[PDB]
Structure formats: C-alpha cells, structure tokens
Amino acid sequence: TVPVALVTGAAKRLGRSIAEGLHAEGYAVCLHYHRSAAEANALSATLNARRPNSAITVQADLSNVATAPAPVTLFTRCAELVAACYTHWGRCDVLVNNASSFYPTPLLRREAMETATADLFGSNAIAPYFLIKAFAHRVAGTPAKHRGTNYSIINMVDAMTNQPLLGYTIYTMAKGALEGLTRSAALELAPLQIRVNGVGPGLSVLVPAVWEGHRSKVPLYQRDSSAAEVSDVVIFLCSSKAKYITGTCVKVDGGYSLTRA
Amino acid sequence: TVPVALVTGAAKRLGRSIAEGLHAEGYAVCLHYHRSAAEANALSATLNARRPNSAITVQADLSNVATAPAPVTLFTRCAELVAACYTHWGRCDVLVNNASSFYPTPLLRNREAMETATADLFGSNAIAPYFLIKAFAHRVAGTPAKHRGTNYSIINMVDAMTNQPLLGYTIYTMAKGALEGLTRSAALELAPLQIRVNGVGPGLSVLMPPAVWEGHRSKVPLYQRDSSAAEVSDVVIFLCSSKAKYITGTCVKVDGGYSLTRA
Amino acid sequence: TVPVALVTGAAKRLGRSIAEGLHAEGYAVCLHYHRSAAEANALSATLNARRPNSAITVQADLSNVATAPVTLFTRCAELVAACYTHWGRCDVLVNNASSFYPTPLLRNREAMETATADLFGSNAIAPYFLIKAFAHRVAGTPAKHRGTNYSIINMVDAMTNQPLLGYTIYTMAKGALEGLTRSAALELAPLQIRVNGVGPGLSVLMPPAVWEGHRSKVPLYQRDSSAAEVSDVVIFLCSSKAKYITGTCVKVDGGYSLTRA
Amino acid sequence: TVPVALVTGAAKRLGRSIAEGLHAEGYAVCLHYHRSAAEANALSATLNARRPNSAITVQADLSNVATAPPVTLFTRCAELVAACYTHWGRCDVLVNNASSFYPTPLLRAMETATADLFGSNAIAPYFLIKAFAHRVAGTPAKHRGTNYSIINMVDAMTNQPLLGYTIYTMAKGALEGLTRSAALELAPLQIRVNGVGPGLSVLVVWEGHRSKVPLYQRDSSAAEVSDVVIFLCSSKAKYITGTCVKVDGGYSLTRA
Ligand SMILES: NC(=O)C1=CN([C@@H]2O[C@H](COP(=O)(O)OP(=O)(O)OC[C@H]3O[C@@H](n4cnc5c(N)ncnc54)[C@H](OP(=O)(O)O)[C@@H]3O)[C@@H](O)[C@H]2O)C=CC1
Ligand SMILES: NC(=O)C1=CN([C@@H]2O[C@H](COP(=O)(O)OP(=O)(O)OC[C@H]3O[C@@H](n4cnc5c(N)ncnc54)[C@H](OP(=O)(O)O)[C@@H]3O)[C@@H](O)[C@H]2O)C=CC1
Ligand SMILES: NC(=O)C1=CN([C@@H]2O[C@H](COP(=O)(O)OP(=O)(O)OC[C@H]3O[C@@H](n4cnc5c(N)ncnc54)[C@H](OP(=O)(O)O)[C@@H]3O)[C@@H](O)[C@H]2O)C=CC1
Ligand SMILES: NC(=O)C1=CN([C@@H]2O[C@H](COP(=O)(O)OP(=O)(O)OC[C@H]3O[C@@H](n4cnc5c(N)ncnc54)[C@H](OP(=O)(O)O)[C@@H]3O)[C@@H](O)[C@H]2O)C=CC1
Ligand SMILES: COC(=O)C1CCN(C(=O)c2ccc(N(CCCO)Cc3cnc4nc(N)nc(N)c4n3)cc2)CC1
Ligand SMILES: COC(=O)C1CCN(C(=O)c2ccc(N(CCCO)Cc3cnc4nc(N)nc(N)c4n3)cc2)CC1
Ligand SMILES: COC(=O)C1CCN(C(=O)c2ccc(N(CCCO)Cc3cnc4nc(N)nc(N)c4n3)cc2)CC1
Ligand SMILES: COC(=O)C1CCN(C(=O)c2ccc(N(CCCO)Cc3cnc4nc(N)nc(N)c4n3)cc2)CC1
C-alpha cells in the first residue's frame, strides 16, 4: 500500500525537494548519494522521524567507470540501487534520475577529458539507461497480479539545452541523450504501463553580482525558480492524475527558453 | 475572493471535464457555448446546485465573422465574454481556450463554405484565442496591482499530433500551429503581469465502425486506448494551480505516447 | 521546355533574390507583387533582357480581404492561372510575401481588423490557397504531361519559437505556415509535389549602435544574412538534388536560434 | 591547395556516396574505415586514378575503448585529423558518418554495446570535432581556409524511436546536442556545424518498410542523401549553422 521512489542525487537542492515532495505524498524514498553522505543521512533522519521506516540512503558513483570491491561496473552498481529498494520494501514504483554532474568541457582554448566523459555521460545518460533497465526488469519479473498500479520514471533534463551554454558540450550532449532515453523508454515500457517523462528546469536555486544578472533574464518573475517550483512538477507527473502522460518532457523555465540574445 | 475561470466550449467532452475539475478546486466557472445550449445550462445547474453562484453560461460564436447587429465583430464578442466574468463576479483569473472546430479541408478535391470554414476553423482555434487573450490581458493590466489576482493562468488546448498531421485536415492543422505560436508569444509578452500561458495537447481523447474505433485506439502505446476526459483535464487543472507557477510558454502532451509512433 | 516558378512578393529584398536565382537556373518566373509595381516592372525588364519571354509580373493583394467582390481564394487561383496562361506550366511556388508589423497585447479596432486579415492572409491563408491552386493544376495535368520536379517553398522564420515581443499575429501566422508545410507535404506526396520551409533569422536588416547591437548577436559572422545567403538555400530545395526532401524546414539563421537572453 | 574532407565510415553506402560527392566537387578526401579495408582501398584507387593525390585511407575503431599500443579514443580521433594535415596540410570538412546500429532492448556485453554505439555515434564525433577545431584555431588567421564545415549524420526518425534501439537513439540525441553546442562555440572561427538526418536509406520484408515512405513509397538512394551533405558544405550554405536537415521523404510526418 505504500509506494517506493528511488531518487538519485537526493541529498540536496532539487533532488532533495523531489524526495521531500514524494515523501509528503506518502512514498517511501530511497535517497541515493555520491559525495553528500552527511546531507543524505540528515535528510533520511528527518523523513524517518516524521514517518518511521519511510527513508533509506544508498551510495553510488554513477560515473561510467568501474569501482573496486571483478572491478564493479556502472551497470552492476545501477542494478544494486534498484535492488536496495526491492530488498528493503519489496517494491520500487518511481525512479527519478536527478543526479547529474555539470562543469565545462570547452572545445576551444590532461586525462581529465576521459574523466569528464565518464562522469558527465555516466551520471546524465548512461546510469539513467541502466537504472531504467533494472527498474523495468524488476517490474517484468513481478507476476502481473502483484505489480503496482502507477509506475513512473522521471528524467531530469534541461529546458535550455536547445540553446546550449557556451563550453558545456559533453553535458549538453548528455542531456540530449537523456531526452532520447525518455522517448525510447516510454515507447518500449508502455506495455508494462511504465510511464517515462522528463522535467527540464531552466535556472533553479542559483548559488551575487552575477546571480543578480542571471536572475534578470527570466521573463517570468525575473528570478531563478525555487526547488519546489521544479519538484511540484515531478510530483504531479508521478501522480495518478498524470497516468496518460508518457514520452513527454515538461519545461519549468519561467519562459527562459523563449528568449534570444 | 473566489477565483474565476472562463472555459470555452465547456458544454461537453473535454471542456466540461475541465470546467468540472476547476469547479472541484473552488473556481466559479463561466461556461461558454455556441450550439450546445441545453448541455451548458444543465452543466451550470449541476454546479450551482453544488455551490450557489459558482457558474454562469455565455453564448458566443468564435468564428471569425461579424454577427447580428450595425455589425458585431469577433473581437467585440470575445471582449464581451471576458467582460461577462468581470460583470458577474468582478474578476477573471483563468482562461481555457478549449473551443474548437474540427473537420477535413483536403487540398485535393474538384464555395461560401470555403470562406466560412477558414473563418470557423481559424477563428475557433486561433484568432478567437488571440482576442480573448488580449481582452483578458487588458482587464488585468486595467486592475491596480493592489487588487490583482495572484495566480493568472491561460491554457490553450493544442494538438499533440500536429507535427504528424492528419490527412485532409490542413486548415485545422494550421490553426493549431497558430495556437502554439500565440501560446509562446503571449507567454513572453504577458510574463510582466505574471500571466502564465501554456498549452495542453491531447492525442486521442474520448474517441466510426467500432472495429475502427478499436483500430485507432490500439495504436496508442500506453494502454492501447484513447484517454478519458479527466486524463486530459487533470493536467489543465495542474497547470492552473499555484504549484505550476514557474511554468509558462510550454505545451504538455497528453497522448499516451502516440506522438512517438511512425507508420 | 523551360520550367516555371511563381514567386510571391518578388519585387525586392529576399523575394527578388529568390526570383533571380531561379531565373539564373533557367526558370521562367512569375513575379508577384502587391504595392511595388515599379520595382517589379524593373526586375521583369532586367530578366526579360538577359532572356526574352522569361519573366512576367502579376499584382494581387494576398490579404484575407475581398477586393474590387473577388475573394482571396480566387485571386490566388488567378495567380496560379497566370503561369499556365503564359507558359503552360508552374513547377515551383515560393510563398515569400509576408507583411510584418507589431500587434501588441498591452499598451497602445480599425487597425486590429485590418492586421488580422493582412498578417494571416499573407503569411498563412493565401499560401494555403496558392498551394491548393497549384496542386489542383498538377492533378489536372495527365501524368504523362506532368513535370518531373514540383517544389513549393514556404518562407517561415527561424526565430518564431523565440517570439519577437509585440508580434503575436505575425508569430501565429508563421506557425500556421509551418503547419501548412507539413500538412501539404504529406497530402501532396502522391503527386510528387515536395513542400518545404526556409526560415531566415536576421536578413538584410534606428541609432547605428542599435543596428550594430542586433547584428552583433548573431553567432556566425555577427551579422544579418544577405539575400543570396537565403535564396541559395531556396534554390537548392527546388533543385532535383533535394528530390527526397519534403515536409522539412531549413533554418538559415547563422546560429541565432541557438542563443538565449 | 585543393580543400580536404575527412569522411568517417567512408567505405560503403552513404559514407562512400558522400566521399564520391565531395571528390567530384574538387575535394581531396580522407577515407576513414574500421573493418572495410578492401572496399575503402578500392574506393581510394578509383579516386586517385581519377585525380592523383586526391584520396587516402585511414583505419580506426571509433568505439569508446582504449586500443593496443593503451591507445584511447581521443588519441585515435586526433590522429585521424592529423592524417589530413600530414598528407595535405589542411582539413576543411568533417562528415561524422561512421555509425554502429543494433538493438539494445530494455526487455529481452552491455559494456561493449555502450562503448561501441555511443563511441561511433557520439563520443568519437566530439573528439573528432575538437581535434578539427584545435587544428583550425592553431592556423594563423592569414592561412585559414575560407569554408570550414562539419556535418553530423543524425537520424530523422529518432523522435519516433525504433523499438529496441535505446542506446543508438540516445547516441543520435547526443550527436544532435553536439551539432548545436559545437555550432555555437566554433562560430567565432567560422566553422559551420550541421546535421543531415536520413529516414530510410539504401535498405539492404523490404517493400513493407519502404511503402511507409509518403514520398515515392521507397527508401532514398545514397545520392539523395549525400547531395544534401555536399550542398551544406558548399559556400552557398555559408549562413547555415546549428541546423539539422531531414532527408526522409516525409517519413517523420507519419504516425502509427
Ligand atoms: N539547477 C539548475 O538551474 C538546473 C538543473 N537542471 C537539472 O536538474 C537536476 C537537478 O539539478 P541540481 O539540484 O541543480 O543538481 P546538482 O548539480 O546540485 O547535483 C545533484 C547531485 O548529483 C550527484 N552526482 C553528481 N555527479 C555524480 C556522479 N558521477 N555519480 C553519482 N552522483 C553524482 C551529486 O550527489 P552528491 O552531492 O551526493 O555527490 C549531486 O548532489 C540535474 O539533473 C540538472 O541537470 C537542469 C537545468 C538547470
Ligand atoms: N478529442 C481529442 O482527441 C483531441 C482534442 N484536442 C483539443 O482539445 C480541445 C477539446 O477537444 P474536444 O472536447 O474533442 O473538442 P470538441 O470538438 O468536442 O469541441 C469543444 C467545443 O468547441 C466548441 N466550438 C467549436 N467551434 C466553435 C466556434 N466556432 N465557436 C464557438 N465554440 C465553438 C463547441 O461548443 P458547442 O457544442 O457549444 O457548439 C464544442 O462542444 C480542442 O481544442 C481540441 O482541438 C486535441 C487533439 C485531440
Ligand atoms: N528579412 C528577415 O529578416 C526575415 C524574413 N523572413 C521571411 O522571409 C520572407 C521575405 O523576407 P523580406 O524580403 O525581408 O520581406 P519584406 O518585408 O521585404 O516583404 C516581402 C514582400 O511581401 C509583400 N507583401 C507584404 N504584405 C503583402 C500583402 N498583404 N499582400 C501581398 N503582398 C504582400 C510585399 O510586396 P510589395 O512590396 O509588392 O507590396 C513585400 O515586398 C518573408 O516571408 C519573411 O516573413 C523571416 C524571418 C526574418
Ligand atoms: N541508412 C539509413 O537508412 C539510415 C542511416 N542513418 C545515418 O546515416 C549514416 C550512414 O548510414 P549508413 O551508410 O547506412 O551506415 P552503416 O550502417 O553502413 O555504417 C557506416 C560505417 O560506420 C562504420 N562504423 C560502424 N561502427 C564503427 C565503429 N565502432 N568504429 C568505427 N567505424 C565504425 C563502419 O565502418 P566499416 O564498414 O569500415 O567497419 C560502417 O561501414 C549513419 O550515421 C546512420 O546512423 C540515419 C538513419 C537511417
Ligand atoms: C553562480 O555561480 C557563480 O557565481 C559563477 C561560477 C561559474 N558559474 C557556473 O558554473 C554556472 C553554475 C550554474 C549554472 N546554472 C544555470 C543553469 C545552466 O544549465 C545552474 C546550475 C547549477 N547546477 C547544475 N547542476 C546540474 N547537474 N546541471 C545543471 N544544469 C546545473 N545548473 C550556470 C553556470 C556561473 C558564475
Ligand atoms: C461525422 O464524422 C464522420 O463521418 C467519421 C469519419 C471521419 N472521421 C475523422 O476524420 C476523424 C474524427 C475524429 C478524429 N479524432 C482524432 C484526433 C485528431 O486530432 C478525434 C477527435 C474528435 N474531435 C476533435 N475535436 C477537436 N476540436 N479537435 C480534435 N483533434 C478532435 N479529434 C480523427 C479523425 C471520424 C468520424
Ligand atoms: C531602438 O530599438 C529599435 O530600433 C526597435 C524598433 C522596432 N523594431 C523593428 O522595427 C524591427 C524590424 C525588423 C526586424 N527584423 C528581424 C527580427 C525578427 O526576429 C527584420 C525583418 C524585416 N522585415 C520582415 N518582413 C517579413 N515579412 N518577415 C520578417 N520576419 C521580417 N523581418 C526586427 C525588429 C525592433 C526594435
Ligand atoms: C527479415 O528480418 C530481418 O532480417 C531484420 C533484422 C533486423 N532489422 C534491422 O536491424 C534493421 C535494419 C535496418 C533498418 N533501417 C531503417 C533505419 C532505422 O533507423 C536502415 C538502416 C541501415 N543501417 C543503419 N546503420 C546505421 N549506422 N544507422 C542506421 N540508422 C541504419 N539504418 C531498421 C532495422 C530489420 C531486418
């Protein structure tokens, strides 16, 4: 009776608001983290205090690399994340692919580039593929009679990547791949009634002289969004209200994509 | 202190579902109709029964023509629709441009019914959306900022399947493509008044020989069926809600994945 | 023997350049104009000098207004009639004519009714009616007498997904024209009529700092295009080389659509 | 000198037709291949028989795997661009054609599919683009060519995904993101970056697939695609950048 969400990069910022919002709706929440161990553990205790046995935390590098104990592939670590929900609670109804690295990969003007490829592509595109695969296998290997009634996968994409940010080619490619995954997984998982949608923020919860300048670009309100302005949309899309939506991406950008230089 | 929604073509189908959903969230609803008087009036009696003074009905042909006098323009009729909300309740917070003509206009056939077809399919789908949006905008801009609503939201009912056009339906496909540009253009220009403008684009909703109903339905990837009206209108209500307040300029497909298909 | 093109708003700027490039490729050209009868008579003369009986001129208002009543749809069949009249054919239609002026929502009834018919007539309604006229003509040519390369190009706008503030009527009419392209492409494919769009950004563009400011924002070259930068694309899409391309819109915009405020 | 084009996967089919097309236009062509040595070398022979010194061949696995001396994909790709500069001193045009294509079903190792499908389609194209841009950047303004053009071969139909081809579809989506981001970033150096998206092309159970095509009810010939790649590289398309041109006979307009 209590559904389970797995939220990647759940420790802070938008991933934390997504986990908080799903939890508010009655979900048990698997809080994935990579480096933010203290934040993830504090968030868990907050939600477990509000509602016993309502949250767990699991650590994984979603980079496209191996990790030592066979060195452990990204694939294995992805199946293991999904397995953690099944092991704790016997289900996993919602997957939010939120975790994402983001930093410049300039084409113009070290082995960091292999590091960058692995990290940006892994977190943003390849781990989402492997997570959705493990998610879908687990639904597929549940007898029909016992399947949940509202399986939902949300990919966090980017409303502004048709208007790329100068110098972020690999990240922009990765988001594009992610949008690809949304359409391909919606089509292919439809027979198991698993919906696959994207949410794309424009500017959200910006870190002062420059904050002010970015803020002023947004037609609506001339500010970046709050975390909850994004997560409320994620929450709606996972709801039974949205049960006819799949294969689609929703921009939550204040009209930022409508602007031109 | 009760919010007001104007829903066009509210009498039946999707427009009635949207009207009932907004009503359920505590909107007073102004139900526009053209031909469907009996249905609209019964819808409004149901709503007023549930909550006094929470609905009215207004008639207007949104076809881009002049109507019965010196002659009345579509503009005027549109502005009068908005002014009906303001006359009765003193506000208009939401507008759902739902009303819409749909019928083939094939490029290859071979006369007054060519001129009234463009007027009807273009008016209902695009130009009346424009004028109602401009009349709606005018009212807000008119209100001292101290008396303005805090959640203004315009929704335009577009078509998920317009990039994959239905054979023979060119004017209709065009007018929907128009409606998408108004959605984007209005979102931009009305952002300073915090008027959000978005689209909702159904695929197959509330759909012939029945093996051809069963035939069309089966092509949708999710559930192999057309949607319920609620499956569409819940999305409309979400975009109107204060939880959607950073959303503007976007269209949301509700198509069960239909737009993902190829022949 | 010599293929015919019909080009609307052919008298100046981009439409003149399209008429020339088709003229240069050896089309006989029907130069449509509305107000600029001089410039058109001028151009006709020039190309009728390079080559006898290779250019004609034709006047019509493509606004959605009945004239002295003659409805828009008959003036459009008239235009198409005039190529078959003179030359016995019409192989190419370019819907280039377009009025363009602000129709703002805020700030500041005679005006408004005239803008609706002018902006939607010219950008959208007449193109519809012209295509209809053109398709019926081909349909009513026995197959064995049809030309081998029918091509319609609609001049759309690269930048309409990023609307120009205060231009809604225009932006809507361009989105109808996009609709027209895909819809006609699909419908006319059996006739082997190809229908495509070409979408300029800033082309052949207040205080000089303003002009420069606008030009400065184009990523590639930091300027507006020339007529020929656009007309070359049009002529390619009409060439037998593009014979597998229908239903598609080609941006010619120097990257401008890739920018954000 | 004559301008030079690098075409990846140039041995057969579209990639050969492109090579041929640019050659017939006056380009000297670097013909990249992976497994099709014999075909690549026959092409080059025909090409050099036509105009001496106008074709060469280079082999490279564009899968994202560290190869044997270990040699990474970055290195392989940079070297590929250096082969142009080494033999002809210039590289004017890059066509990212090379592409692996096979199912990666979500419902029925993965390691190799991922490195191969994302490398050929997405990660190699980026390193190739970056190598190209670095070689242009480092050329003194005075001696830079006057018509830099990069063509990504994308897919017109990827918004309408082929069931079971998730990784391929993702990789062509990455390649679309590369087209735009590289077009923006390399615009100041006057390198245009564009995509061409085939529908069904040169289908190798077939009349079923091609009858879905609105225009002519067939798949395209190889020329009906390469001619488009040729035009976009030409100076007549010098204002077109960031753009993808579908060449699909209208197939992307269909629905089930
Ligand atoms: N903020 C904005 O304005 C925008 C956001 N978005 C998208 O929304 C999503 C959420 O945004 P935001 O909150 O700003 O994200 P953040 O950049 O703050 O990061 C989210 C989390 O991702 C995790 N992560 C990063 N790299 C890896 C990796 N290699 N392996 C595993 N986990 C990793 C980190 O977890 P940990 O801290 O535990 O290491 C991090 O806290 C992202 O997908 C982003 O692309 C899109 C548009 C703009
Ligand atoms: N149903 C579907 O599968 C899809 C629907 N949509 C869109 O969703 C919306 C609602 O769809 P649906 O419920 O099927 O729409 P309907 O065709 O059922 O029409 C809704 C109402 O539009 C009104 N209307 C039509 N023309 C005019 C006009 N000239 N002037 C005034 N009102 C007019 C009618 O009111 P009356 O009866 O009072 O005369 C009608 O009941 C539309 O905008 C539609 O295009 C999009 C794609 C798919
Ligand atoms: N130039 C640019 O930057 C851009 C251009 N485009 C599109 O490219 C095309 C050409 O651009 P450009 O040359 O600058 O356009 P212009 O503004 O120069 O106009 C083209 C011609 O359209 C004709 N026209 C205008 N209104 C009417 C009408 N009501 N009835 C009949 N003919 C009419 C005029 O003919 P006459 O003079 O004979 O009256 C005019 O010369 C247009 O479709 C435009 O929308 C798109 C984006 C930007
Ligand atoms: N043909 C079609 O209908 C469609 C094609 N396209 C796109 O058009 C382009 C050309 O299509 P098409 O000619 O059919 O392509 P092919 O499937 O024939 O592949 C082209 C070449 O790619 C090379 N290649 C494949 N994998 C690798 C790799 N791991 N490393 C290096 N080279 C590799 C091969 O080289 P070698 O043979 O030497 O090993 C191959 O011959 C592709 O990018 C494709 O996605 C788009 C959609 C439809
Ligand atoms: C504000 O920081 C500063 O003061 C300066 C330091 C350098 N700097 C940036 O690194 C930067 C940071 C965030 C930016 N964001 C605007 C959205 C662009 O997509 C915020 C954003 C944040 N974190 C993010 N994390 C993921 N995984 N993905 C995303 N998109 C993301 N985005 C843009 C540029 C801007 C100026
Ligand atoms: C009297 O009708 C007949 O003779 C039949 C044969 C022809 N015929 C159609 O052409 C037809 C009807 C409805 C169709 N719908 C599919 C959605 C297309 O967008 C359902 C749909 C319904 N009503 C609709 N009303 C608006 N205002 N807009 C929409 N899109 C709409 N759509 C499609 C084709 C079915 C009915
Ligand atoms: C101080 O600031 C100013 O000077 C303002 C004065 C008013 N103003 C303009 O008049 C104006 C004029 C032409 C503009 N063009 C390109 C912008 C479109 O994104 C040039 C263009 C020309 N003529 C055109 N004619 C058709 N039929 N269609 C097209 N698209 C068209 N376009 C832009 C703005 C904007 C700014
Ligand atoms: C009778 O059953 C069989 O033998 C089937 C075996 C599996 N099978 C396919 O794998 C297949 C092959 C070619 C297909 N093409 C239509 C375009 C799909 O996007 C042609 C295409 C060709 N080669 C290609 N190579 C790259 N690198 N990329 C592309 N897209 C590509 N496409 C589609 C499916 C269908 C035939």
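Residues numbered from 1 in each chain as written, not as in the entry; some residues may be left out. Chains lettered and ligands numbered in written order. Heavy atoms only, no water. Residues with missing side-chain atoms left out of burial classes, pairs and counts.

X-ray crystallography is the method the PDB entry states for this structure, with the resolution given as 2.10 Å.

Now for the overall build of chain D. For chain D, the helix and strand inventory stands at seven helices and seven strands. Shown N-terminal to C-terminal, the secondary structure of chain D runs as helices and strands in the order β-α-β-α-β-α-β-α-β-α-β-α-α-β. Since a compact globule built from 256 residues should have a radius of gyration of about 18 Å, the 18 Å found for chain D is in line with a globular shape. Seen along its three principal axes, the alpha-carbon backbone of chain D occupies a region of about 55 × 40 × 40 Å. (Helix = DSSP H or I, 4+ residues; strand = E, 2+ residues; numbered from the N terminus. Rg over C-alpha atoms; globule rule 2.2 N^0.38 Å.)

This brings us to the site of ligand 2. Residue and element names in this part refer to chain B. Residues in close proximity to ligand 2 total 28 residues, the closest being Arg35, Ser36, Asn98, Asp120 and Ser205. Separating a nitrogen atom of ligand 2 from a side-chain N or O atom of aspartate 61 is a distance of 3.4 Å. A distance of 2.9 Å is found between a nitrogen atom of ligand 2 and a backbone nitrogen or oxygen belonging to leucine 62. Burial of ligand 2 by the protein chains amounts to 86% of its free accessible area of 900 Å². Of all the secondary-structure elements, those providing two or more residues to the shell around ligand 2 are helix 1 (13-24), strand 2 (28-33), helix 4 (112-142) and helix 5 (170-190). Its residues assigned to classes, the shell around ligand 2 comprises ten nonpolar, eleven polar and seven charged. (Near = heavy atom within 4 Å. Polar contact = N/O pair within 3.5 Å; in protein donor to acceptor, adjacent residues only side chain to side chain. Areas by Shrake-Rupley, 256 points an atom, 1.4 Å probe, with all protein chains shown as cover. Nonpolar A, V, L, I, M, F, W, Y, C, P; charged D, E, K, R; others polar.)

The subject of this paragraph is the interface of chain B and chain C. On the side of chain C, 42 residues touch chain B, which itself brings 41 residues to the contact. Elements represented by at least two residues in the side of chain B that touches chain C include exactly helix 4 and helix 5 of chain B. Ranked by residue count, the leading element in the side of chain B that touches chain C is helix 5 of chain B, at 14 residues. The residue inventory of the side of chain B that touches chain C, partitioned by class, reads 24 nonpolar, 13 polar and four charged. (Contact = heavy atoms within 4.5 Å.)

Residues and elements named next belong to chain A. Interaxial distance between helix 1 (residues 13-24) and helix 7 (residues 227-238) falls to 8 Å at its minimum, and their mutual angle equals 45 degrees. Here helix 7 runs oblique to helix 1, going by the angle between their axes. In the crossing of helix 1 with helix 7, the sense of the turn from one axis to the other is right-handed. Here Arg13, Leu14, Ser17, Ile18, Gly21 and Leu22 of helix 1 lie close against helix 7, whose contacting residues are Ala227, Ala228, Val230, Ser231, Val234, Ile235 and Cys238. Partitioned by chemical class, the residues of the contact of helix 1 with helix 7 number nine nonpolar, three polar and one charged. (Axes fitted to C-alpha atoms, helices over the stretch in contact; angles between N-to-C directions. Parallel < 35°, antiparallel > 145°, perpendicular 65-115°, else oblique. Left-handed = near helix turned anticlockwise from the far one by under 90°.)

The strands making up a sheet are joined through hydrogen bonds of the backbone, oriented either antiparallel or parallel. Residue and element names in this part refer to chain D. Pairing within the open sheet is parallel, and its seven strands lie in the order 3-2-1-4-5-6-7. Either end of the sheet is taken by a strand with one partner, and the two such strands are strand 3 (55-59) and strand 7 (244-247). Neighbouring strand axes in the sheet, compared pairwise and without regard to direction, differ in orientation by 20 degrees on average. When strand 1 (residues 4-7) meets strand 4 (residues 93-96), the two strands line up parallel, connected through three bridges. Note on strand 4: the bridge partner recorded for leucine 6 is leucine 94. Where helix 3 (residues 73-88) meets the sheet, it contacts strand 1, strand 2 (28-33) and strand 3, and its direction lies at approximately 150 degrees from that of strand 3. (Pairing = 2+ DSSP bridges.)

Contact with chain B, which involves 32 residues of that partner, is made by 32 residues of chain A. Across the interface of chain B and chain A, roughly 3100 Å² is buried in total on both sides, 68% from carbon and sulfur atoms. The three residues of chain B that bury the most area against chain A are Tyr223, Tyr246 and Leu260 of chain B, which together make up 27% of that side's buried surface. On inspection of chain B and its partner chain A, the count reaches one salt bridge. Among the ionic pairs, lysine 245 of chain B bridges to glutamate 229 of chain A, the shortest N-O distance being 2.7 Å. For the side of chain B that touches chain A, the element with the most residues is helix 7 (residues 229-240) of chain B, which contributes four residues. (Buried area = accessible area lost by both parts, 1.4 Å probe. Salt bridge = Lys/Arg side-chain N within 4 Å of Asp/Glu carboxyl O.)

What follows concerns helix 2 (residues 37-50) of chain A. Helical periodicity: at 3.6 residues per turn, an α-helix aligns residues three or four positions apart in one direction. All names here are of chain A. Look at helix 2: 20 Å from first C-alpha to last across 14 residues, which is about the 20 Å you get at 1.5 Å a residue. Taken together, the buried positions of helix 2 are occupied by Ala40, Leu43, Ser44 and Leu47. Buried residues along helix 2 cover an arc of 105 degrees about the axis, so they all sit on one side. Opposite the buried face of helix 2, by more than 90 degrees, sit the exposed residues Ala38 and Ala49. The secondary structure elements touched by the buried residues of helix 2 are helix 1, strand 2 (28-33) and strand 3 (55-59). (Expected span 1.5 Å × (residues − 1). Buried < 20%, exposed > 50% of the residue type's maximum accessible area, 1.4 Å probe, protein only. Arc of directions from axis to C-beta.)

So, on to the environment of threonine 72 of chain D. Residues and elements named next belong to chain D. Positionally, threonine 72 belongs in the loop between strand 3 and helix 3. If sequence neighbours within four positions are ignored, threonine 72 has contacts with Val65, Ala66 and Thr67. Within the structure, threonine 72 has its side chain in polar contact with the backbone nitrogen of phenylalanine 74 (distance 3.4 Å).

All names here are of chain B. Tracing the chain through its elements places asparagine 98 in the loop between strand 4 (94-97) and helix 4. Taking the relative accessible area as the measure of exposure, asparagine 98 reaches 13% and is therefore buried. One polar contact links the side chain of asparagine 98 to the main-chain carbonyl oxygen of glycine 9, over a distance of 2.9 Å. The residues touching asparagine 98, leaving out its near neighbours within four places in the chain, are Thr8, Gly9, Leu14, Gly15, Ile18 and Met157.

On to the nonpolar core, then. In this structure, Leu190 of chain B together with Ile193 of chain C are the most contacted members of the largest nonpolar core, which totals 106 residues. Those residues within four positions of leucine 190 of chain B in sequence are excluded, and the remaining contacts are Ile133, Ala137, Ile154, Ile195 and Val197 of chain B together with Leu105 and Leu106 of chain C. Counting 105 residues, the second-largest nonpolar core is a separate cluster that includes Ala177 of chain A together with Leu73, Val81 and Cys84 of chain D. (Core = buried A, V, L, I, M, F, W, Y, C linked by side-chain atoms within 4.5 Å.)

All names here are of chain D. Surrounding ligand 8, one finds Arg13, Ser99, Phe101, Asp155, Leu162, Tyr165, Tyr168, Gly199, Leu200, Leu203 and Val205. At 3.3 Å, a side-chain N or O of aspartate 155 approaches an oxygen atom of ligand 8. For ligand 8, an oxygen atom lies 2.7 Å from a polar atom in the side chain of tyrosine 165. Among the residues forming the shell around ligand 8, the class breakdown is seven nonpolar, two polar and two charged.

All names here are of chain D. Two elements in contact, helix 1 (residues 13-24) and helix 2 (residues 37-50), have axes separated by 12 Å at closest approach and are oriented at 10 degrees. Classified by the interaxial angle, the pair formed by helix 1 and helix 2 is roughly parallel. Together, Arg16, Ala19, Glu20 and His23 of helix 1 and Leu43, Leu47 and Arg50 of helix 2 make up the contact between the two elements.

As a further point, take the pairing of strand 7 of chain D. All names here are of chain D. Covered by surrounding structure in strand 7 are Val245 and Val247 only, the residues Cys244 and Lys246 on the alternate face being uncovered. With four bridges connecting them, strand 6 (residues 191-198) and strand 7 associate as parallel partners. Bridge pairing links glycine 197 to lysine 246 in strand 7.

All names here are of chain A. Spatial ordering of the open sheet is given by 3-2-1-4-5-6-7, a layout of seven strands whose pairing is parallel. Strands with a single pairing partner mark the edges of an open sheet, and in this sheet they are strand 3 and strand 7 (249-252). When the angles between neighbouring strand axes are averaged without regard to direction, this sheet yields 15 degrees. Bridge analysis of strand 6 (residues 194-201) against strand 7 gives four bridges, and the strand direction is parallel. When the bridges of strand 7 are listed, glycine 198 appears paired with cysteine 249.

All right, on to the pairing of strand 5 (residues 148-153) of chain D then. Residues and elements named next belong to chain D. Along strand 5, six of the six residues are buried, which leaves the element largely enclosed by surrounding structure. Covered by surrounding structure in strand 5 are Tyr148, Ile150 and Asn152 together with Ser149, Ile151 and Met153, the residues of both alternating faces. One ladder, built from four bridges, connects strand 4 with strand 5; its direction is parallel. When the bridges of strand 5 are listed, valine 93 appears paired with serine 149. One crossover worth recording links strand 5 to the parallel strand 6 by way of helix 5 (residues 166-186), and it is right-handed. (Right-handed = clockwise from strand over helix to strand, strands pointing away.)

Residues and elements named next belong to chain C. A rise of 1.5 Å per residue sets the reference length of helix 1 (residues 13-24), with its twelve residues, at 16 Å; its end C-alpha atoms lie 16 Å apart and thus fit the reference within 8%. For helix 1, the full list of buried residues reads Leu14, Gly15, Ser17, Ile18, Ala19, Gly21, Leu22 and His23. After helix 1 finishes, the residue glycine 26 shows a positive phi value of roughly 100 degrees.

Our next topic: the pattern of salt bridges. According to the stated counting rule, one finds 20 salt bridges over all chains in the structure shown. Across the pair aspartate 93 of chain B and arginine 91 of chain B runs a salt bridge, and its minimum N-O distance is 2.6 Å. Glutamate 20 of chain D is the salt-bridge partner of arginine 16 of chain D, the closest N and O atoms lying 2.7 Å from each other. Taken together, the residues span about one helical turn, with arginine 16 of chain D and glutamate 20 of chain D both in helix 1 at a distance of four residues. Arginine 16 of chain D gets classed as partly exposed once you look at its relative accessible area, which sits at 40%. In this structure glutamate 20 of chain D comes out as partly exposed when scored by relative accessible area, which is 26%.

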